[PDB]
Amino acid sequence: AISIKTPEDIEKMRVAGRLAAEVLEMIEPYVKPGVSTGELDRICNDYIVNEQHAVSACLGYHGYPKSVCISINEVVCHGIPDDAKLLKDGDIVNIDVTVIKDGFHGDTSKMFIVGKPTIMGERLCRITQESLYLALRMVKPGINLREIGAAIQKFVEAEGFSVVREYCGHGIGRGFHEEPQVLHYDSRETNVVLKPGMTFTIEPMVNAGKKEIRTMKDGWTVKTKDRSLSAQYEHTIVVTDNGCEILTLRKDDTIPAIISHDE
């Protein structure tokens, strides 16, 4: 079943969502050539534990050994921070943060460009964020989740990119991954009509080349089969009476916090 959050639950998710967003705001200035992904992870964990008094939902989860996921270039998702993996000028990097506070999860990710913005990968990142924003603008009671995945795929493909099929957004709350699965492509047989108080993520993974992926020697890391660049952005939301509220909004987002579809 998909749980409907109570008003108190939603308030706790506002807090957890803000904390996850804060991690991404904090880490940004550290993302520069020469830093290791292991160091970035250490800085994130320190902040989550010691400044936010929260805990990483990733660390220990199905044995995952780090506190955030950091995915560079052709890595699609679930890249494992490593002390020896150094960022280079021109890299694109996803950092994906999930924190638990007061029993509730907040889950969000964004892309960072290492160095100047006008590089191979910039347009991929921008379009990936735009695909997330397109989807967020659709969320309201009475829409079928089917429609949202179809819209993401149509947009991404019209931009000359492909959508990763094997990974999806998810319900979230007291649990990390709850019902429903939020597909980012058109699947005629879905699904699920949205209702106020549902909380879930949208997190499209978009490849510059072909859609196919390969899962690596470590039980987590996913790369593009063609080693083309891949980008992802993620937000956690709550469905409101006439739209949604974006719980993991950051200072650099360019979409409104609260989206309303009423006249």
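Basically, rigid core = biggest C-alpha set you can superpose within 1.5 Å across the two forms. When you see a residue number, it is the position in the sequence shown, counting from 1.
With every structure aligned by its rigid core, 181 to 189 is the stretch of 181 to 189 and 160 to 168 whose CA positions lie farther away in 9 other deposited structures of this protein. Of the two segments 79 to 87 and 116 to 124, the one whose CA positions lie farther from the displayed form in 9 other deposited structures of this protein, once all are superposed on the rigid core, is 116 to 124. For the pair 212 to 220 and 54 to 62, the record assigns the higher mean C-alpha temperature factor to 212 to 220. Looking at mean Cα B-factors across 221 to 229 and 37 to 45, the upper value is held by 221 to 229.
Among 151, 192, 111, 183, the highest C-alpha B-factor in the deposited entry belongs to 192. Out of 105, 165, 170, 78, it is 78 whose C-alpha atom has the highest B-factor in the PDB entry. Among all modelled residues in this chain, the alpha-carbon of residue 174 has a temperature factor (C-alpha) in the lowest third. For residue 254, the recorded CA temperature factor ranks within the middle third of the chain's modelled residues. Among the modelled residues of its chain, residue 245 has a C-alpha B-factor that falls in the middle third according to the deposited record. Residue 120 sits in the highest third of its chain by CA B factor, as recorded in the PDB entry. Among the modelled residues of its chain, residue 130 has a C-alpha B-factor that falls in the lowest third according to the deposited record.
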